[PDB]
């Protein structure tokens, strides 16, 4: 099993890392290059419908038709089923994650409807709203305790908890007389360029998140800006940290491959692919 899987004995990971990164990441680079076409020959029909094009943050980041998340149709709209979202597999379910773009003001009603309709209880945000002066994501949630309606979804902060690299916010979600609690895990520290360094701040966040959420059976919403690179990095990382618990092997390659099949650019860059490896190496070495 060699085309879409490169499993490594956990007992050998450190050497694998060494070997993989030797010669200015020759083998890592080569490995990652094999993923560049995966998934890409699949249709994105609805993402291209003239009524949906304003719903995409980036023209070149579009959901595959086969895995896209669909909103309930609204009887006059047309593409009112549409969102830039895709089901992406995790450790626990082939549909464990719904990964999406950072909402535009234009789409934050859509975004909360997705949360609601998906029955998701947890959002993972891996970006700042503004980075280097560019806006990367609308502020789709309240700044304070005054509830705010987004579409038919009333969102209210119950409490928040600030940390060195993340803030977690417990929302109460009401739709009609129907009530849920949702937790929002906001990693606020990803650097303006490159990957987090040292990588450990991201492991600590993945640990906190997973320790908090438990073995969720409902889809977890994940996003950054395009919902591909940073989101890809996070999921892979959360997956392999669960994997090592019950297995003898890890398969970062096999995981990224599965993800590409479900949404474009899932682990986006060679630097992040390497990062995933480094994070796990820290873990396996007692940080």
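Residue numbering: from 1, along the chain as shown.
Recorded method is X-ray crystallography, 2.8 Å.
Every residue gets a Cβ built from N, Cα and C, even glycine.
Per the PDB entry, the features are:
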type   : residues : note
SEQADV : 1-5      : expression tag
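Record features (Swiss-Prot):
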type     : residues                                    : note
DOMAIN   : 28-283                                      : domain 'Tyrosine-protein phosphatase'
BINDING  : 192, 224, 225, 226, 227, 228, 229, 230, 268 : substrate binding site
ACT_SITE : 224                                         : active site, phosphocysteine intermediate
Between residue 224 (active site, phosphocysteine intermediate) and residue 192 (substrate binding site), the C-alpha gap once rounded to whole angstrom: 13
Cβ atoms near residue 192 (substrate binding site) (within 10 Å, other residues, all chains): 9
Distance in Å spanning the most remote Cα pair of 192, 224, 225, 226, 227, 228, 229, 230, 268, given for substrate: 16
Cβ-Cβ distance under 8 Å to residue 268 (substrate binding site), same chain, at least six residues away: 228, 229, 230, 232
Distant-in-sequence Cβ neighbours of residue 225 (substrate binding site), under 8 Å, six or more positions away: 57, 101, 102, 127, 136, 137
Most Cβ neighbours inside 10 Å, all chains, among the binding-site residues 227, 229: 227
Secondary structure content of the expression tag (1-5), with strand meaning DSSP E or B: 0 helix, 0 strand, 5 coil
